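Colleague: First the structure, which I've put down as structure tokens, then a few questions once you've had a look.
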Amino acid sequence: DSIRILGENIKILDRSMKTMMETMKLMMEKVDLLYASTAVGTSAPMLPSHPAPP
Amino acid sequence: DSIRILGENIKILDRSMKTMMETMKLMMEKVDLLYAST
Amino acid sequence: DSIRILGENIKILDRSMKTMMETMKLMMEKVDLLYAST
Amino acid sequence: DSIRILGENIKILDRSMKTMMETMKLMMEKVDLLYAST
Amino acid sequence: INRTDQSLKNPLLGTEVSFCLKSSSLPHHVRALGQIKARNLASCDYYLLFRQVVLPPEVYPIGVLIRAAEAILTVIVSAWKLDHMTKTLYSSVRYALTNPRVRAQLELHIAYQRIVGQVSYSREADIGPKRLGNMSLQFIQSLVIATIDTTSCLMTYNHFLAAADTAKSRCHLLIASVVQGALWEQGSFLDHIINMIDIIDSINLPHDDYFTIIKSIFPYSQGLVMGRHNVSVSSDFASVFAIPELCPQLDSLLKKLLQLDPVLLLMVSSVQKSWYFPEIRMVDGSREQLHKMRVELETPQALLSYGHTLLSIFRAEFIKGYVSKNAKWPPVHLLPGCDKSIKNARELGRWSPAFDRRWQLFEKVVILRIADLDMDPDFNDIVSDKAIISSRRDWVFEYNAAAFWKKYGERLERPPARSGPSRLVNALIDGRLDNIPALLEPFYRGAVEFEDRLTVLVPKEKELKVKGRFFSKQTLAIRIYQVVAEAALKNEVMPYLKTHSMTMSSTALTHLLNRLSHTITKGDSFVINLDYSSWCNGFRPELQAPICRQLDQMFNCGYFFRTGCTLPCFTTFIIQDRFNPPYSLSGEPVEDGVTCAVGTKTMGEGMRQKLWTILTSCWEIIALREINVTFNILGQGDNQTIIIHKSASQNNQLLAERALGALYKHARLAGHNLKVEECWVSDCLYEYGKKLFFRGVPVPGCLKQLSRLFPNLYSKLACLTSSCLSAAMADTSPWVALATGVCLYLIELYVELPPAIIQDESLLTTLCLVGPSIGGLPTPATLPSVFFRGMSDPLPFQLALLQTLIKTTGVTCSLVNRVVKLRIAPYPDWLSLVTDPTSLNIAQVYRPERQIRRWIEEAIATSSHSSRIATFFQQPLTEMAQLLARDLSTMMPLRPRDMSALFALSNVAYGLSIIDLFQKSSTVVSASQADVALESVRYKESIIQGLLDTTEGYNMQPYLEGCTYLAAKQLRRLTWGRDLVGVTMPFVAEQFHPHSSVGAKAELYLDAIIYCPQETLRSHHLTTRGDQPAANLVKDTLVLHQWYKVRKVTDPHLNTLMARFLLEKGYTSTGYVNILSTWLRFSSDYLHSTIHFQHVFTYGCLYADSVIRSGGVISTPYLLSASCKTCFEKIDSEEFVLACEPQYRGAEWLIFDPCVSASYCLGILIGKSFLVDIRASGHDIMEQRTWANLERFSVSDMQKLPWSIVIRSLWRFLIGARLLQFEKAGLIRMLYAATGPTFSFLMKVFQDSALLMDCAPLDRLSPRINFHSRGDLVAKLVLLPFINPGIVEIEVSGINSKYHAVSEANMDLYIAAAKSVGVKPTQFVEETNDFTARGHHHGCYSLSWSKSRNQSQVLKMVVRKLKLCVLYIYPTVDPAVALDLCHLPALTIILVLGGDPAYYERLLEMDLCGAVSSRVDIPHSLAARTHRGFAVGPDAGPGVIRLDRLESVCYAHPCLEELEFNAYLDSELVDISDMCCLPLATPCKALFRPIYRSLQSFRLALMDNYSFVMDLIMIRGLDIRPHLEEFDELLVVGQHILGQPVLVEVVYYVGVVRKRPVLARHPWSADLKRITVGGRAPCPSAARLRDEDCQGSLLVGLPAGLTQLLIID
Ligand SMILES: [Zn+2]
Ligand SMILES: [Zn+2]
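Chains as they are written, first to last, in full-length UniProt numbering: chain R, 129 to 182; chain V, 129 to 166; chain F, 129 to 166; chain U, 129 to 166; chain P, 20 to 727, 735 to 956, 961 to 1059, 1083 to 1122, 1148 to 1167, 1176 to 1237, 1254 to 1711.
See below:
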């Protein structure tokens, strides 16, 4: 039982992480579209938005 | 093997959080240069 | 025994996350209505 | 050795969380002053 | 080489001519300026010139063509045996080719083609003046000068090509129109076509208005049709266009066409390319394109919000589909605030219906990873000729240096050669695609390098838009990204979208389309036709970013899709308009808003073609759901059809109005402003797959379709035949297609070959009749697939055609040899055979190029510098393929069908597919072939020389007489040398000889097939419906191995070979005729002989169609008798002993008795079939599709199984199922009736009375139940479980658990094992009560219940008195009476059926013994129209037996108590007083033994029915009145036996009181339902049972309620 009392804890830690995922992804949608909207007609480079494949 | 698999899961959770690090750090220049335009 | 001391540290850890959680939400709204009021 | 490495893992998690916090406080003010900019 | 095109394939650009006119200083300009006249027109008005071209009449001698076409059509039709239509066909061809206007158009086409040929692919820069009648064409480099008169129209070569294509299209249109009109009820509509041509050619309006008119012709015609014929939903589509305000003559002509026939109007209006194409106004077109790629119809905030909503609905649909396909939710993470309903549904792995209306609840559901992005596309997508730009630095290679210099004053810094390839195949060859995951890595990051951020827009050719539509050519990296994304979406995501998923499964599409066709006519499902115009230049990043993010998460490809969703904002766009280049600042294009544009909101046409489809389905579903309608969104392109079903409370008009309002609202939110110009609702016209459908029936595409490497005659003819074959595959009639194809083929031959060949009528005919199967040019004639749909051997057809030609026409066999020039190859080429099972082993001289497969492979293997190619060609694939084919050649009983099957599922087959896909690319062939100009000249010279030699080929005399089946067998024997067998299939026309039943002899009827027309057919019926009906190779090999083991082949060679394949993969352990067919009831009663049968059926229907279209009419049924006996081979499959051990090795570098089991399976299969049938309503029963294809079975196979086993299995399944009242009631009502794949097919299986008496359940049950017809006995037998538990629970004892476990996935497997169990039972012949002069009166008489009892007995007694041996019975006689007469021994019955077996079929169905089948002569009965000798049924005539009913019974016959009739024969009375009853023996079931002399048997039946009625009363909602009537019949019999009076009417009160059945004549409870039964009469059969001592025994032990009902108070 002592192994599952924290097993749920890990899940809620994971769930908080998953909620964190969506939270910024909404930020990343907005920020990207701001930058893209200001790119038309300019030489603005293509800054990445994801670090790299594993 | 529950302990080993949960250790692996928390490891991949660490890696995802380092990806969180790099993405947020990556937005830095994107927002910053946006100021520089103005 | 030694597993007891690694429990409460998670308790405060989550309370740090919870205390962190509203930090996003209270700024979720303020970064949201930035976009509409634009 | 599993418990020891698990403890080191928790420690690196806590320090990475300190890094998250300090980079956020390096974020919140800069994002907020954009409101004063508009 | 200059002028390297023979057909229009590029947009009609005009900038080049403008540049050369005023600018430019090249030498050609000096000559060009010299030849222009004072009134020099502009290229934009080129069509205004070519319309004035007139040729002198009768310039090209073609009468030879007319005669040759006549002969060819005559020969083809005569071979098909539809001779009577030869007149129509060849008269139509002659009329088409003799009309002055048509001939003028044809000559113009010929002149244009000759001119094109003489200049195209030439090396000379300039070609002297060429006369085109009154024109004076002159060619300079790539420019053309037209000088009809003192007027000049200097134009580009593409303009001249467009003019030539227009002339050719008009020729096709005219010929097709004439032929088509010749085969109608409303024929001869050519005049209207010519009038339209003149009207259009008389238009002098400006360029833009003219092309607007031409473009609007078709939508305006659709609007005209809809407005007049819409019945429920209004329409205004016609009013939107400006044709009447611009060209009134055209409007009047179109309205006249509508008044004539809507289908004609739609067909004529379909053509949209027989009118000159426009010169795209690049200056304005490009500007508007760029502007439309950056306009914002909605604020990005609203677009993002609506994108979130679309993400919600997308999640909902995906979850629904996944649950429906896997019964479990995907891996999802519920955000905080998730609705408890979603949580519960996820926990239970279900899908509550409430979600569909509450998609918003899914905003809190996030889908986790479900798969991984397949960053390794298969070669099929990569190997393509789609043009691409290697990188940014190549942008300077899409413009003319001189024009750039003249437009800016500075040179264009082009490097000497392009920095990379120009087409995707070249890129793959160069090794640039060997590391795709690394190539797409920047996309994963989201930072596509600068070098791959350029797109070149290309105007699209052959489109009637003045401002043109541009399709984008992307960089190599972007193309690979597009391919990967499209593959991922179409494979892992798109299928799971439930609502959209039912838009690509052809089964679902076909079912939905059939439902729409059947439902639209009456009107309960109108269709909304969405047609987005700005779709391609639509979607903005905001709208799609949410779904992009969701997809990214689902595929665990971080910021991959979103990369493409925001990419175009950082892309440079340039218009591919040479002679108008953008300025070059630092080696990069500079934005100007006309030629170049840096960054745009959309990515342009041809990108994310799937994602946009998903989004469109999403918002359409959102729009329609909120108005609570029933939609079936259908379509994939910018045009989509929405099907809306009728609502029970709103007329279709209001429903359509609300749907249109909702769609407008919910498409505006998506930045896709929708206009009335592209939205119409109708219940008459609906378009899908570029095919109009008027009132359900498809609109013929004859007019349109028939109007559609280095050049060569073979390629042109092949394209012609393929186009005509596709048109025929469409609803286009085969005859119009064939005639038009023959005419066009003759024209094409006329264009190329010299006069020495053309002016030889016999040679031209023979050449046109020699197909490719025998080694000739592809011709429309030799195409058996024109009419049929499935595979067909072409060789017998070719031989039959040649045979008919030799027999009829004056052509001699020597000429056939001369034309054919058979040349058997020196050595067998097994690879070709395995690729084409039906082909001969001959040298295809006219093939443009053979053995090029090795040449392509060798060129690819070397000069590659790649990695994927190297590992894909590490040794010659062709050699290994030849080795594998030679290995497969050892099949002792050669079966090239199997070889092709076995060869197909091998890696080398995939390799050959890749190689010949490489060959498909245009210039990669030139890369291997390294110029063509000589080849084209060489090829022509070769064929021209070919058709001169008088030297014969292999003598064909022996292979032209006799049956063509034997001829094909012998030919294959000769051309391969070891007796190929198993693929030749007969030619239906030879196999069957249609005949009219009006005149036909018995010898003609022995073997034949019946065709019964329900009513007189005519031209109306032809167009109106009637009433009558990867690793996957692993799975393929597994199923094939099962299919083999079950055939019982267990050969070590095959086992090892298949295991080798599996370890290589890693495993280790019609349409055109159905409409008419619906008016034909079909039968087969010869029992001789798959897929080829469908060919025979289609041939019969074709005979009907021909005899109608020839002006005739069919009233009497017709036949298709068997003619060529030798064509009926007796097939007996043998083993595939491979003989020599297989040597192919492997590649690995590419990429209890079955009767019981079957009987139990049949029982359960039938049980579930009934279970699904009961659910279906009246509107869902017309479909004959049983649960799982229960129909494709023979009759003998079923009769092999002991029917007792099946009956027990079905009974056990039924009792085990134990359905509640509703289903039981549905079964009872429908089984007493008969509908659908139900008791119908049961009765279909149970004609043979042998099964009935031999059915163990029935014989025991026969004395227990009473029936009235064979259609009631079977129903009682199959309903026994729920009516008579007394016996069913006795036979339920038999059971076996392992039999239950027998899965149905292998249902056909047990049938095959039981194919040859033994021999079916016999029929026996049970007797009827006979009479003799000296006999004993036993009192038994057949048909006791029937009123015709006395009549039937009198006829029997008369027959026996007359000692007749042969008797004729007309259909007028009572069916029961004839049956009784049939049962008489030592008598032959000849029904006067006149070729209609309905009456005879009825007699068989009623009878329960073999008397009818044994004593009724079928060959004579179907061949008899009037009686010959003694007959019954006529009121008068020689030998006619007549019964005159006596007014008063004046005689008491010893056998018949009252003689109610007097027998007369040819006006002479027949004395029958001395006749007496014959000793009776085992009687037939027609005597109704179930109720026998033994009253205890009647007691058993009465008690059983009483119990059944009591059980029925407990069934709520069941109409019990029908059953009570049969029970009352037994009650009347019992009352007669007891002596009680037989009341005419009796009132019964029925109901459930205190949970018990009640059936009482007196109402003792208010809840009892009163039911009155009238017409009750005492049954004379009950008289025999009315024994005085038998009265008491009846009531002993009977139920009190039954006793009360029997006794009348
Ligand atoms: Zn034959
Ligand atoms: Zn019978």
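Beta carbons are placed, not taken as given, at the ideal position from N, Cα and C, and that holds for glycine.
(1) Where does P1423 of chain P fall in DSSP's three states?
(2) For a contact meaning CB atoms closer than 8 angstroms, what does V314 of chain P contact in chain R?
(3) Quick check on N1085 of chain P: buried or exposed, where buried means 16 or more other Cβ atoms within 10 Å of its Cβ?
(4) Got a sec? Which residues, its chain only, sit under 6 angstroms from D400 of chain P by beta carbon, not counting five neighbours each side?
(5) Looking at the structure shown, is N843 of chain P part of a helix, part of a strand, or coil, going by DSSP?
(6) Cα-Cα, which of P:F1295, P:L1580, P:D1374 is closest to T1430 of chain P?
(7) List the residues of chain R that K158 of chain V touches, going by C-beta distances under 7 angstroms, in chain order.
(8) Let me check understanding here. Comparing Cα to Cα, which of P:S1444, P:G557, P:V1468, P:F1160 lies closest to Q1455 of chain P?
(9) When we look at the beta-carbon of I1615 of chain P and count the other beta-carbons within 10 Å, is it buried (16 or more) or exposed?
(10) Nearest chain V C-beta to residue 110 of chain R closer than 8 angstroms, yes or no?
(11) Using the C-alpha atoms, what's the distance from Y109 of chain P back to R86 of chain P?
(12) Where does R369 of chain P sit, in a helix, a strand or coil, going by DSSP?
(13) Could you tell me if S130 of chain R is buried or exposed, where buried requires 16 or more neighbouring beta carbons within 10 angstroms of its beta carbon?
(14) In its own chain, which residues sit with a C-beta less than 6 angstroms from the C-beta of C1042 of chain P, not counting the 5 before and 5 after it?
(15) Alpha carbon to alpha carbon, how far is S1695 of chain P from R1658 of chain P?
(16) Could you check which residue in P:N419, P:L1466, P:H103 has the C-alpha nearest to that of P601 of chain P?
(17) Using three-state DSSP, classify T830 of chain P as helix, strand or coil.
(18) Could you please give the first and the last residue of the uninterrupted alpha helix (DSSP H) stretch that includes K158 of chain V?
(19) Please report the straight-line C-alpha distance between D702 of chain P and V252 of chain P, rounded to a whole angstrom.
(20) For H1439 of chain P and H1485 of chain P, what's the separation of their Cα atoms in angstroms?
(21) Can you pull the chain R residues whose beta carbon is under 8 angstroms from the beta carbon of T585 of chain P, in chain order?
(22) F1433 of chain P to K1346 of chain P, Cα distance in whole Å?
(23) Straight-line CA distance for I1317 of chain P to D757 of chain P?
(24) Using the three-state DSSP reduction, which class does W294 of chain P fall into: helix, strand or coil?
(25) Tell me the DSSP secondary structure of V871 of chain P in three-state form.
(26) Any beta-carbon of chain R closer than 8 angstroms to the one on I133 of chain F?
(27) Flag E136 of chain V as yes if its beta-carbon sits less than 8 angstroms from any beta-carbon of chain R, otherwise no.
(28) Tell me whether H1023 of chain P sits in a helix, a strand or coil according to DSSP, three-state version.
(29) In the DSSP assignment, find the beta strand (DSSP E) that holds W699 of chain P and state where it starts and stops.
(30) Around ligand 1, which residues pass a check of Cβ closer than 5 angstroms to any of its heavy atoms?
(31) Is it the case that the stretch 278-294 of chain P contacts the stretch 505-525 of chain P, given that we only count it when at least three CB pairs across the two stretches are under 8 angstroms?
(32) Classify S726 of chain P: buried if its beta carbon has 16 or more other beta carbons within 10 angstroms, exposed otherwise.
(33) Using the three-state DSSP reduction, which class does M1332 of chain P fall into: helix, strand or coil?
(34) Within 10 angstroms of the Cβ of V967 of chain P, are there 16 or more other Cβ atoms? Answer buried if so, exposed if not.
Modeller: Let's see:
(1) coil
(2) Correct list: empty, because the minimum Cβ distance to chain R is about 12 angstroms.
(3) By the neighbour-count definition (other C-beta atoms within 10 Å, threshold 16), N1085 of chain P is an exposed residue.
(4) Once the five neighbours on either side are set aside, the close Cβ partners of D400 of chain P are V502.
(5) helix
(6) Of the listed residues, the one whose Cα sits closest to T1430 of chain P is P:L1580.
(7) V159, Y163, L175
(8) P:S1444
(9) buried
(10) Absent from the structure is residue 110 of chain R, since the part of chain R shown begins at 129 and ends at 182.
(11) 9 angstroms
(12) coil
(13) exposed
(14) Excluding residues within five positions, the ones whose Cβ falls inside 6 angstroms are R1159, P1203.
(15) 28 angstroms
(16) Selected option, being the one with the closest Cα: P:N419.
(17) Residue state, collapsed to three classes: helix.
(18) 130-165
(19) 7 angstroms
(20) 19 angstroms
(21) Residues of chain R passing the Cβ test: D160, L161, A164.
(22) 35 angstroms
(23) 49 angstroms
(24) In the structure shown, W294 of chain P sits in coil (DSSP, three-state: anything other than H, G, I, E or B).
(25) coil
(26) no
(27) no
(28) In the structure shown, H1023 of chain P falls within a strand segment according to DSSP collapsed to helix, strand and coil.
(29) 698-701
(30) P:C993, P:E1020, P:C1210, P:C1213
(31) The stretch 505-525 of chain P vs the stretch 278-294 of chain P: no contact.
(32) Classification for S726 of chain P: buried.
(33) helix
(34) exposed
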